[PDB]
Amino acid sequence: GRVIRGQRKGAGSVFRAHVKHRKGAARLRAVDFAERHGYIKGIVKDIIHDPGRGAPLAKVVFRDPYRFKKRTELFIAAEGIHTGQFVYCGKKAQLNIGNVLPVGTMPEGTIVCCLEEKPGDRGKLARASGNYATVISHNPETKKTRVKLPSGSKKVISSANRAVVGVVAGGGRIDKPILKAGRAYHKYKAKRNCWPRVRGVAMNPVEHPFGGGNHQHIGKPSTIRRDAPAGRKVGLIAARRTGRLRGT
RNA sequence: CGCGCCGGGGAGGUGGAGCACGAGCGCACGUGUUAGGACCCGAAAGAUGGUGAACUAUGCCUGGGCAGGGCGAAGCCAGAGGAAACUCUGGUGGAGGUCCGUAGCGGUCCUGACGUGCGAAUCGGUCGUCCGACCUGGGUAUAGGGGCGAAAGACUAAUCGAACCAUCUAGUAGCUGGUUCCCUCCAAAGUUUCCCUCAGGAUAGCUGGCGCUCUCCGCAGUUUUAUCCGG
RNA sequence: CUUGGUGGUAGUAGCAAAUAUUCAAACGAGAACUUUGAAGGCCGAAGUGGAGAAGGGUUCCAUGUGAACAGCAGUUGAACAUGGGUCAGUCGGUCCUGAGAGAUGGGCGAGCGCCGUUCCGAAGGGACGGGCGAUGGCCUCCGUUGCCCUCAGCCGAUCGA
RNA sequence: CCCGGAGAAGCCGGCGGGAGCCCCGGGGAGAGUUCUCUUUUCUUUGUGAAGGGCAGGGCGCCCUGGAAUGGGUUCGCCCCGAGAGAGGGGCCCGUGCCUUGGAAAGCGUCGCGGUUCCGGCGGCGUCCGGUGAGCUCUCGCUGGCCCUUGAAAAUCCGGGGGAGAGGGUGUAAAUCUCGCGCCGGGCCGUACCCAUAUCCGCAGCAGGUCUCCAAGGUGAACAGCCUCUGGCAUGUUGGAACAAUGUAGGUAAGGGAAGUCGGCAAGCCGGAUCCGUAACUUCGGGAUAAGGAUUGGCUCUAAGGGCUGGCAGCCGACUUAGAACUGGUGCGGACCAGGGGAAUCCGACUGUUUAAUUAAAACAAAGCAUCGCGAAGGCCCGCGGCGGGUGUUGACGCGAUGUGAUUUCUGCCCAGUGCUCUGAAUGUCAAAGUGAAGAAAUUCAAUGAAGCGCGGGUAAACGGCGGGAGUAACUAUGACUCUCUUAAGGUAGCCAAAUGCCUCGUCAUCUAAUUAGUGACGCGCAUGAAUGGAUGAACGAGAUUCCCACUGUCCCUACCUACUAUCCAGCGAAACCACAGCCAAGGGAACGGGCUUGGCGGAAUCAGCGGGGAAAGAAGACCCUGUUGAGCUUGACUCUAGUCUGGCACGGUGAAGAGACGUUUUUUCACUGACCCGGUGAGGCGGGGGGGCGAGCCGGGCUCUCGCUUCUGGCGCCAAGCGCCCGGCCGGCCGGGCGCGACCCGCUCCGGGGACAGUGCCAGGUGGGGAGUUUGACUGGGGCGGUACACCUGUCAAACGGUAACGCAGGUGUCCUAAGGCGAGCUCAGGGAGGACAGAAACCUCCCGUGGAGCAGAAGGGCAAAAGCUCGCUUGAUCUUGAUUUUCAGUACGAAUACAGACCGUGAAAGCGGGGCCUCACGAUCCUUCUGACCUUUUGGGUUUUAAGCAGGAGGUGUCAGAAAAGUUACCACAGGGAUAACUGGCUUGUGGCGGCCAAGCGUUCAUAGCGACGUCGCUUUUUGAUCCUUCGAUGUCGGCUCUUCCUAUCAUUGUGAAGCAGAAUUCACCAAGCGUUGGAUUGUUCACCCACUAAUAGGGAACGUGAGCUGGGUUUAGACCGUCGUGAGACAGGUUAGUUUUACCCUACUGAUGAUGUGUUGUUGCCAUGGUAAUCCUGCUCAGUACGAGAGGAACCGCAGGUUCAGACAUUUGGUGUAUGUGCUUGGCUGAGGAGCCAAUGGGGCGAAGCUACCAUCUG
Ligand SMILES: */N=C(\N)N(C)CC[C@H](N)CC(=O)N[C@H]1C=C[C@H](n2ccc(N)nc2=O)O[C@@H]1C(=O)O
Ligand SMILES: [Mg+2]
Ligand SMILES: [Mg+2]
Ligand SMILES: [Mg+2]
Ligand SMILES: [Mg+2]
Ligand SMILES: [Mg+2]
Ligand SMILES: [Mg+2]
Ligand SMILES: [Mg+2]
Ligand SMILES: [Mg+2]
Ligand SMILES: [Mg+2]
Ligand SMILES: [Mg+2]
Ligand SMILES: [Mg+2]
Ligand SMILES: [Mg+2]
Ligand SMILES: [Mg+2]
Ligand SMILES: [Mg+2]
Ligand SMILES: [Mg+2]
Ligand SMILES: [Mg+2]
Ligand SMILES: [Mg+2]
Ligand SMILES: [Mg+2]
Ligand SMILES: [Mg+2]
Ligand SMILES: [Mg+2]
Ligand SMILES: [Mg+2]
Ligand SMILES: [Mg+2]
Ligand SMILES: [Mg+2]
Ligand SMILES: [Mg+2]
Ligand SMILES: [Mg+2]
Ligand SMILES: [Mg+2]
Ligand SMILES: [Mg+2]
Ligand SMILES: [Mg+2]
Ligand SMILES: [Mg+2]
Ligand SMILES: [Mg+2]
Ligand SMILES: [Mg+2]
Ligand SMILES: [Mg+2]
Ligand SMILES: [Mg+2]
Ligand SMILES: [Mg+2]
Ligand SMILES: [Mg+2]
Ligand SMILES: [Mg+2]
Ligand SMILES: [Mg+2]
Ligand SMILES: [Mg+2]
Ligand SMILES: [Mg+2]
Ligand SMILES: [Mg+2]
Ligand SMILES: [Mg+2]
Ligand SMILES: [Mg+2]
Ligand SMILES: [Mg+2]
Ligand SMILES: [Mg+2]
Ligand SMILES: [Mg+2]
Ligand SMILES: [Mg+2]
Ligand SMILES: [Mg+2]
Ligand SMILES: [Mg+2]
Ligand SMILES: [Mg+2]
Ligand SMILES: [Mg+2]
Ligand SMILES: [Mg+2]
Ligand SMILES: [Mg+2]
Ligand SMILES: [Mg+2]
Ligand SMILES: [Mg+2]
Ligand SMILES: [Mg+2]
Ligand SMILES: [Mg+2]
Ligand SMILES: [Mg+2]
Ligand SMILES: [Mg+2]
Ligand SMILES: [Mg+2]
Ligand SMILES: [Mg+2]
Ligand SMILES: [Mg+2]
Ligand SMILES: [Mg+2]
Ligand SMILES: [Mg+2]
Ligand SMILES: [Mg+2]
Ligand SMILES: [Mg+2]
Ligand SMILES: [Mg+2]
Ligand SMILES: [Mg+2]
Ligand SMILES: [Mg+2]
Ligand SMILES: [Mg+2]
Ligand SMILES: [Mg+2]
Ligand SMILES: [Mg+2]
Ligand SMILES: [Mg+2]
Ligand SMILES: [Mg+2]
Ligand SMILES: [Mg+2]
Ligand SMILES: [Mg+2]
Ligand SMILES: [Mg+2]
Ligand SMILES: [Mg+2]
Ligand SMILES: [Mg+2]
Ligand SMILES: [Mg+2]
Ligand SMILES: [Mg+2]
Ligand SMILES: [Mg+2]
Ligand SMILES: [Mg+2]
Ligand SMILES: [Mg+2]
Ligand SMILES: [Mg+2]
Ligand SMILES: [Mg+2]
Ligand SMILES: [Mg+2]
């Protein structure tokens, strides 16, 4: 009968992201002759805490090579970096933390972050707190590379694409228990309206397919098809298994 | 005229809204049955097009606001015992979804007052919390099978288990209710059969009115005499 | 049933939230309630005080009136009738942008129209100096229009406290 | 041009500085006080912005110098070779002080003129000091908090740069962010209220509505209480009374929850100091635990500080400890201000929630555990697009669920139903496409995607977790074993719990007494493991139970106060209303105000009162009917957006192979030009030279790299140089241009995909996410149950025929190749006597044999050379018109009967035969299908396929004269119904209750003292049932409380009879219902059971009396928890907890109160016809330790003394009350002090007159 929560979110308007105090987008430097052939120097002017994000950012100042004008970028901070540190970047960049070079050059077993999935997008994969990717093996023919991501999906990518060296800071966040409702409340106030998560079962049987009944119970099987209309797709999606996960 | 896989006749049964020396059309009047808003008045709902978040639901931007006391976390200072490890004793500091409690915020109980009320939800005394998921003003966003909900089917201008205004719309009713002058003459039924029929119809039955063909031989809710039947 | 009018019920129910009035004098036809004075009380700076906002829109002030209204009366009043009254470079709006709304280009749309706000756009009418041309002035020196050379990143029209 | 800054940031705490206010001590000017005191008490007692100076704070600023035997220093900190202490400096704020403004003005005072209309005019004064945990505002410093780190742009400014301009020793110049001097600053709002009377609520409505300011005292305090500044007349009126009923306030001897569903309400406790403080525990808490003592006034001592020259002297704050005295033991003196403990259940906590009946045990919440997904992606919106949100995002993330802190545990079951993985090993499987014959439409045939099947996996997916047998040396039980059924068969733990019917389970404790409560037991109707089980400190406006103290909650009521009600002056409604308003019985729609018959009846009126008027209220919400709906559900029916899958088109260019049906069907491998994606202010791409740093070869050939930047928080733009040109001036000057410097040529800006995704059109699938609709009838209420819904026999049927009930006894939805058709010939059931095996029963024979057997079936009728049984030949169970009968409307179907015309069968022949000996065994229109004629039409004519026609059978409608169809509503809605229930009322009385007759037996004996079987006759309507006449436009539905009267079927008392009666005690019966019949524990209970006294603890009605008389615990709304059932929405004469109880002023009625006619008027003292009616019972003494009786035991009558209950009065005494506001005391403030007083909603506490008044005092019956 009614339109349920899941559906009401898609139009948005209420659930859009709060973006007053966000500093900006965290994109890498754009491609150009210098990066493609040689290298370009750049200092770390300052570090900054971005809202809604575990990791911190960095005000990185470079110099524009064609016009007399200092550009600026917002890199994501690898661990161990500090202000007053010369950050090189390019093809001929030396291998040490805080230094952007294409993956192809570095050997196998190299740990990287802020990686591009396709060339030019200015850095999409692996840039949250405590993550890093592992370079497994190159492939001279076709000029492509094999890379295992933290989740485990191994992916091939063109060797040309870029990556900032080192892991992302802020690891071990999930270690501390979020003790009180308020401490959670503030977090989701920074990000989005989602926090107080009401169980569908409690609702009346208009607002949920599991609702109603005199006794609190679901009544029907909680596994469900993916060939299914919007409104029903609810519960455990395409559940291959469903139980106390013994072993791994 | 073309002759043949041509045409035409007779008798005898049977089906027909036919013949058998025509009787209709036009106009007016009455009654009766229908179709339409159709004897008058009456719905719960249905569809199309528009208007509202001045209360309230919730998110966001920019502003405002909350005495005085108790409890006394880490850190720090000092003294004492001790072989060492170290441990005991007294001060300081002022933490916290901490405690008593005011304004504010809320509104449990007395099932107290009032109950043609001061009031289409107020008053009294008694109650919970009061630095926090705290309280609040103005601006702004979301609109009806749609919005919004710490989820009660709550709320959406006193209206919500589908809002409000007009139009389609005099919407249908086997159901209640009402239905306007006199006299005279005649005068009933509630039973049969069929129906998604049992609060209803048709259909036979009962009733009236209009007449017409003959009358100054026929018929009867009856007996008698004969004659059968009856279980 | 509809509209309009009138009865009994009735000169009854009733005019009970938060302590409170009293004496003399004046105008006046008339005074429990008007005014002055005197005496006694209350609100007791989280105010029954002094100032503002939104909002109301002449209710502010004076003179006169006593029909109607102020659920008793009233010589009174926020009632009625006459007339008056709001003066800024410096106090605010006006300027700015904020969450956001909203044009243009572009696309969609039988269609009134709608999406979308930098996204598929030839998105500058500006400036200083040089040369050449053109006028106006005690043509001194300096203005006032034009071309050519040389230079220019924006960012999205516009509203929004 | 570039770089950079301000504008530009959160909350909280502490501390310091500066103002305003407050206070103190002296000075002046005027007021008030003076019975007595009082150098008294009160008011008042000033300098703006903008400039200059100086104070006064701050500084992460400089210089000198170099510290450990470490120093300085803050309440806390912190700081130091990255340069401390100690000197000298600098800067920043300067709302404070001085000054120009400015004493002329202003204010306070005294006095002169103007008669006046006057910013009138003159004296004087407007002083000097001190204080502070005080308050308020502000400036600054410094900490603490964050999975929260707390706005932008307009606008303004500084610096790095150095393109360029300027005059030749002067009246110098271009140029100045320096000091004066000139002009101008438009448009619009601007009054007032800003709220117990200017706003919104229909109004001058106790409601609601955002801010600033903010004195004295008491005190922890902005608490409460009183006063000044300022404001006001008690909030839409007054006077006279002071009764009951109310509303809000108080207090009570003795007792202390006994009242009651329940300690509901009120009351006790309350602040501080000093002692003291257990169980348990997540070791933080619990904790103001508990439990004690003190507290006043007045008069003293002592300890804590500043400033200048181990000291002195001058000043000033508030606190703390201590001591003596003194009072009628009063003292936190008013106000403000916590009742406690032991236990159990639930939920962890704080929070939120139904605006207007539910604040909870519901939700959330942290923790836990699953699932999808690496972007051409997941999830969703969207009518649409190369669209949009999450996304300024990227697996420690977004997204979808479940569970509910911690600790501890988390057993077995994948058969079912879901989900999912594998998919030629594969049954089925559409369009198009491909072969096949045919004149062609065609039809046939192969080929064949996903999906269903098939097979794996899965329970922190929905979910589930038996029974029978045998077995231990007492019985029991069953360790152990087997089997049936399913895929296992309840493991660990727990309980008559919020889950247990029977049930008040049983035992113990808790009570004198306990259906409650707590601890064990377990057979568990129906416990149980993240649909989570068990525990568990702290917390709860949560649910129950008990204990302490405490109380007018109760025995048991009384008194007082204010506001009313009451009477008066003024002003002034509405609901409601057929007529009206005294009763009993009677019959009547079965409870009448009117009727009949009886009883009766007297003006007009007041304050109260709640019995009635089936009172008002709202076209009954429960129930039923309705061919009336909505909300929701799913395995109902019929469809749909979306998503998955194949085909055709947009859609190219080449490579190799097999073959394929010079060609292809197709498998791979490329290319790119459509097309698609991403980035850029679309900035140096690919080739070819030349140049260089290195390796190898013979100035030369070849390959690759580079093209010049890695110790450091710097700067970096607007071209140097050269060559070649020339332009004006005069070999030199001034001003110009091009190209190298910075290689040349090109056709897509760079990359990645790419002929596939994709878009458009068809086709199959999936699809309660969504839409539309349906969800039979009869019915002794409906439902559940039957089918009496179409058929047939017998009876009921009352002697023609015809007749009903969910009446009776019963049957049917078939069977037959002959069990049909002719003819002939036989005669059955049963019994008797005989005969080897032979038998009660096997086979043969004679005799009897009216049918006693049989004819498929239900029963009934019918039949003997047959309708039975056996042989022989056959198929009239065929073709075809009409007529009639049965049901009946005298319409159909079916079923059958008489004839007729053909072809036949059989029998010698007359004949017989068109299905089953008779009475039941079955079906319309429309559509499809088959058969049938040299049949008709197929449209301008002709031929031939196909189709349509015509006639006769079949496929089926059993709700059987024929819609195609599942559930729920306690969230509910509408029309109506007493044609129809759940209470009452009526008639009946089975059942229940009571009572008679006969007398077989008990009672030793003796039937009948007392009882009475087998049988039998009656009454009653407080039980229960059966019925539906009344009311559904509403009669308020269970219990208790309170209160009156009434019945008698006598429990006790009075009088008397009879006993298997000696007395006592106890039994049965008559007259008799006037007077009595209790207090409590448990349960909502009526009922039940128990303790205690008694004379006795009998039974019942009146609308199951009694709701505008109460209460609202239970039933019986909405919220929620559990078990079982149901896949689910939901359900339960199965448990649990929270949940608006309306109006009286009418008529009558009763109560009390004025009054009325008549005697001519008026008093007076008096009379009684009528109504009403009252007393009750018990104890002791004596009689009497006697009569009686063996004794044990053991009375009665008259008298005497007292008591209970009830009724009627009074208030001498005791008690209560006490606002005579009578009188002492007293807390805080106010009147200068003393005295005398007042306010604090009765300020508080003592004692208390009068008067009212109590079995709580007394009297009489
Ligand atoms: N959903 C629940 N839990 N219940 C109890 C049903 C609620 C229904 N909707 C109301 C109701 O009361 N139903 C009753 C009402 C009466 C009716 N009934 C009563 C008496 C008699 N003799 N016969 C009846 O049929 O029964 C209904 C019932 O119990 O189902
Ligand atoms: Mg729907
Ligand atoms: Mg649903
Ligand atoms: Mg707290
Ligand atoms: Mg408290
Ligand atoms: Mg009440
Ligand atoms: Mg009102
Ligand atoms: Mg605002
Ligand atoms: Mg929408
Ligand atoms: Mg909320
Ligand atoms: Mg929410
Ligand atoms: Mg609910
Ligand atoms: Mg509900
Ligand atoms: Mg009409
Ligand atoms: Mg109508
Ligand atoms: Mg009716
Ligand atoms: Mg007979
Ligand atoms: Mg009265
Ligand atoms: Mg009166
Ligand atoms: Mg009032
Ligand atoms: Mg009053
Ligand atoms: Mg007061
Ligand atoms: Mg004012
Ligand atoms: Mg005025
Ligand atoms: Mg008056
Ligand atoms: Mg001016
Ligand atoms: Mg638009
Ligand atoms: Mg503007
Ligand atoms: Mg503004
Ligand atoms: Mg002065
Ligand atoms: Mg003003
Ligand atoms: Mg008001
Ligand atoms: Mg008023
Ligand atoms: Mg008054
Ligand atoms: Mg007492
Ligand atoms: Mg007492
Ligand atoms: Mg009792
Ligand atoms: Mg009680
Ligand atoms: Mg109480
Ligand atoms: Mg305790
Ligand atoms: Mg909770
Ligand atoms: Mg509510
Ligand atoms: Mg309530
Ligand atoms: Mg789960
Ligand atoms: Mg489990
Ligand atoms: Mg399975
Ligand atoms: Mg128990
Ligand atoms: Mg178990
Ligand atoms: Mg559960
Ligand atoms: Mg279970
Ligand atoms: Mg359970
Ligand atoms: Mg426990
Ligand atoms: Mg009056
Ligand atoms: Mg009547
Ligand atoms: Mg009455
Ligand atoms: Mg009544
Ligand atoms: Mg109704
Ligand atoms: Mg009705
Ligand atoms: Mg109907
Ligand atoms: Mg019907
Ligand atoms: Mg419907
Ligand atoms: Mg749908
Ligand atoms: Mg419809
Ligand atoms: Mg029926
Ligand atoms: Mg007969
Ligand atoms: Mg007969
Ligand atoms: Mg024949
Ligand atoms: Mg036969
Ligand atoms: Mg038809
Ligand atoms: Mg039919
Ligand atoms: Mg009987
Ligand atoms: Mg005998
Ligand atoms: Mg009836
Ligand atoms: Mg009635
Ligand atoms: Mg009534
Ligand atoms: Mg008698
Ligand atoms: Mg009754
Ligand atoms: Mg009532
Ligand atoms: Mg009553
Ligand atoms: Mg109940
Ligand atoms: Mg189930
Ligand atoms: Mg008498
Ligand atoms: Mg004797
Ligand atoms: Mg006395
Ligand atoms: Mg007294
Ligand atoms: Mg004195
Ligand atoms: Mg006394």
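Considering the conditions (1) out of contact with any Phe, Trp or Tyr (no Cβ under 6 Å at 6 or more places or on another chain); (2) within 30 Å of residue A:82 (Cβ to Cβ); (3) surrounded by 16 or more Cβ atoms within 10 Å (Cβ to Cβ), residue A:121 is excluded by exactly one of them, (3). Within the range A:202-238, the only residue that satisfies the criterion of being outside any loop (DSSP other than H, G, I, E, B) and near RNA strand B (Cβ under 9 Å from one of its atoms) is A:202. The set of residues in the range A:207-232 being of a type in the set (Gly, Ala, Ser), touching a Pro at 6+ places or on another chain (Cβ under 7 Å) and near RNA strand D (Cβ under 6 Å from one of its atoms) consists of A:212 alone.
For beta carbons closer than 7 Å, sequence separation of 6+ or different chains, a first residue in the range A:203-226 that is in contact (Cβ under 8 Å) with a residue 60 or more places away in the chain and a second that is in a loop (DSSP other than H, G, I, E, B), the qualifying pairs are A:206/A:1; A:206/A:2; A:207/A:2; A:207/A:4; A:208/A:4.
Given the options A:29, A:8, A:71, name the one that is more than 6 Å from RNA strand D (Cβ to nearest atom), closer than 30 Å to residue A:212 by Cβ, surrounded by 13 or more Cβ atoms within 10 Å (Cβ to Cβ) and of a type outside the set (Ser, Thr, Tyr). Going through A:29, A:8, A:71 in turn, the sole match is A:8. Before we move on, is residue A:98 closer than 24 Å to residue A:118 by Cβ and in a loop (DSSP other than H, G, I, E, B)? Here the answer is yes, as residue A:98 does meet what is asked.
For the range A:235-242, the criterion of being among the basic types (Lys, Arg), within 30 Å of residue A:50 (Cβ to Cβ) and surrounded by fewer than 11 Cβ atoms within 10 Å (Cβ to Cβ) is met by none of the residues.
Mind listing whichever residues of the range A:111-134 are among the aliphatic types (A, V, I, L, M) and in a strand (DSSP E or B)?
Taking the range A:111-134 first, the residues among the aliphatic types (A, V, I, L, M) are A:111-112, A:115, A:125-126, A:128, A:133.
Those that are among the aliphatic types (A, V, I, L, M) and in a strand (DSSP E or B): A:111, A:112, A:115, A:125, A:133.
Residue-by-condition table, conditions (1) in a strand (DSSP E or B); (2) in contact (Cβ under 8 Å) with a residue 60 or more places away in the chain:
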| residue | (1), (2) |
| --- | --- |
| A:34 | no, no |
| A:47 | yes, no |
| A:59 | yes, no |
| A:89 | yes, yes |
| A:94 | no, no |
| A:109 | no, no |
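Answer yes if at least one residue in the range A:174-183 is under 20 Å from the mean Cα position of the chain (by Cα), within 6 Å of RNA strand D (Cβ to nearest atom) and farther than 30 Å from residue A:37 by Cβ, and no otherwise. Within the range A:174-183 (the criterion being under 20 Å from the mean Cα position of the chain (by Cα), within 6 Å of RNA strand D (Cβ to nearest atom) and farther than 30 Å from residue A:37 by Cβ), the answer is yes, since at least one residue qualifies. In the range A:151-197, the qualifying residues are those that are of a type in the set (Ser, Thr, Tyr) and closer than 30 Å to residue A:97 by Cβ, and the one that is nearest to ligand 49 (Cβ to nearest atom) is A:151.
I want to confirm something. Restricting to the range A:159-190 and keeping residues that are among the aliphatic types (A, V, I, L, M) and part of a strand (DSSP E or B), which single residue is nearest to residue A:111 (Cα to Cα)? If you could, list the steps in order and put the result at the bottom.
Going through the range A:159-190, the residues among the aliphatic types (A, V, I, L, M) turn out to be A:160, A:163-165, A:167-169, A:174, A:178-179, A:181, A:184, A:190.
Next, from what is left, pick out any that are part of a strand (DSSP E or B): A:163-165, A:168.
Values: A:163: 10, A:164: 10, A:165: 7, A:168: 11 Å.
If we take residues in the range A:159-190 being among the aliphatic types (A, V, I, L, M) and part of a strand (DSSP E or B), then A:165 is nearest to residue A:111 (Cα to Cα).
Every number here is computed from the coordinates shown, using simple stated rules; none is lab data. Methodologically, a virtual Cβ is constructed for each residue, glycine included, from the backbone with ideal geometry; neighbour enumeration extends over all protein chains shown.
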